[PDB]
Amino acid sequence: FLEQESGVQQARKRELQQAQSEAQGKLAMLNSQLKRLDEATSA
Amino acid sequence: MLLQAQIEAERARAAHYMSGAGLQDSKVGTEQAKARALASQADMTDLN
């Protein structure tokens, strides 16, 4: 009851997925440009 | 007759009744706990 009244109940449940998905996708896609730079500098 | 009717019956009845009294005094606490739990559940329902 305490949680549903303005706590982790509606704090985390978005935080978890949004932060995880955003950070993972952004880091992988930023590594994409690193892979492409390696492509350019190799062949 | 008399020997068994006294030792066997009455003392046993006393023991049984004291045990029952102790059991009731124990059950009081479970009643308290049930009351508290139901109050909490009602609070949850009202919140929702």
# chains A, B, ... in the order shown; residues from 1 in each chain; ligands from 1

call {"tool": "closest_atom_pairs", "arguments": {"of": "chain B", "to": "chain A", "cutoff": "9 Å", "atoms": "only C-alpha atoms", "output": "Markdown table"}}
result
| residue | atom | partner | partner_atom | distance |
| --- | --- | --- | --- | --- |
| B:40 | CA | A:1 | CA | 8.7 |
| B:43 | CA | A:1 | CA | 7.8 |
| B:44 | CA | A:1 | CA | 5.8 |
| B:47 | CA | A:1 | CA | 7.4 |
| B:48 | CA | A:4 | CA | 8.8 |

call {"tool": "select_by_dssp", "arguments": {"residues": "chain A", "states": "helix (DSSP H, G or I)", "output": "count of residues only"}}
result
35

call {"tool": "atom_distance", "arguments": {"atom1": "CA of residue 45 (chain B)", "atom2": "CA of residue 11 (chain A)"}}
result
20.9 Å

call {"tool": "decode", "arguments": {"residues": "region 5-27 of chain A", "atoms": "N, CA and C atoms", "output": "CSV table (one decimal), in the first residue's frame"}}
result
chain,number,residue,atom,x,y,z
A,5,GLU,N,1.2,4.1,-3.0
A,5,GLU,CA,1.1,5.5,-2.7
A,5,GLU,C,2.4,6.2,-2.9
A,6,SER,N,2.7,6.5,-4.2
A,6,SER,CA,3.9,7.4,-4.6
A,6,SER,C,5.2,6.8,-4.1
A,7,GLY,N,5.6,5.7,-4.7
A,7,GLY,CA,6.9,5.2,-4.5
A,7,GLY,C,7.4,4.4,-5.6
A,8,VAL,N,8.3,3.4,-5.3
A,8,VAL,CA,8.9,2.5,-6.3
A,8,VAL,C,7.9,1.9,-7.2
A,9,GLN,N,6.7,1.7,-6.7
A,9,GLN,CA,5.6,1.0,-7.5
A,9,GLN,C,5.5,1.6,-8.9
A,10,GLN,N,5.4,3.0,-9.0
A,10,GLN,CA,5.3,3.6,-10.3
A,10,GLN,C,6.6,4.4,-10.5
A,11,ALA,N,7.6,4.4,-9.7
A,11,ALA,CA,8.9,4.9,-10.0
A,11,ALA,C,9.7,4.0,-10.8
A,12,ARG,N,9.9,2.8,-10.3
A,12,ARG,CA,10.8,1.9,-11.0
A,12,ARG,C,10.3,1.3,-12.3
A,13,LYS,N,9.0,0.9,-12.3
A,13,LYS,CA,8.4,0.0,-13.3
A,13,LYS,C,8.6,0.6,-14.7
A,14,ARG,N,8.7,1.9,-14.8
A,14,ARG,CA,9.1,2.5,-16.1
A,14,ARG,C,10.6,2.6,-16.1
A,15,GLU,N,11.2,3.2,-15.1
A,15,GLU,CA,12.7,3.4,-15.0
A,15,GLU,C,13.5,2.2,-15.5
A,16,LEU,N,13.2,1.0,-14.9
A,16,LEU,CA,13.9,-0.2,-15.3
A,16,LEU,C,14.0,-0.3,-16.8
A,17,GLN,N,12.8,-0.5,-17.5
A,17,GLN,CA,12.8,-0.8,-18.9
A,17,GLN,C,13.3,0.3,-19.7
A,18,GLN,N,12.8,1.5,-19.4
A,18,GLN,CA,13.3,2.7,-20.3
A,18,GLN,C,14.8,2.8,-20.2
A,19,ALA,N,15.3,2.9,-19.0
A,19,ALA,CA,16.8,3.1,-18.9
A,19,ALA,C,17.5,1.9,-19.5
A,20,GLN,N,17.1,0.7,-19.3
A,20,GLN,CA,17.8,-0.5,-19.8
A,20,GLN,C,17.8,-0.5,-21.4
A,21,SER,N,16.6,-0.4,-21.9
A,21,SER,CA,16.5,-0.4,-23.4
A,21,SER,C,17.2,0.8,-24.0
A,22,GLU,N,17.0,2.0,-23.5
A,22,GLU,CA,17.6,3.2,-24.1
A,22,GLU,C,19.2,3.0,-24.0
A,23,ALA,N,19.7,2.7,-22.8
A,23,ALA,CA,21.1,2.7,-22.7
A,23,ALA,C,21.7,1.6,-23.6
A,24,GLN,N,21.1,0.4,-23.6
A,24,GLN,CA,21.7,-0.7,-24.4
A,24,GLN,C,21.6,-0.4,-25.9
A,25,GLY,N,20.5,0.1,-26.4
A,25,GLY,CA,20.4,0.4,-27.8
A,25,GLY,C,21.4,1.5,-28.2
A,26,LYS,N,21.5,2.6,-27.3
A,26,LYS,CA,22.3,3.7,-27.6
A,26,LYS,C,23.8,3.3,-27.6
A,27,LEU,N,24.2,2.4,-26.7
A,27,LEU,CA,25.6,2.0,-26.6
A,27,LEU,C,25.9,1.1,-27.8
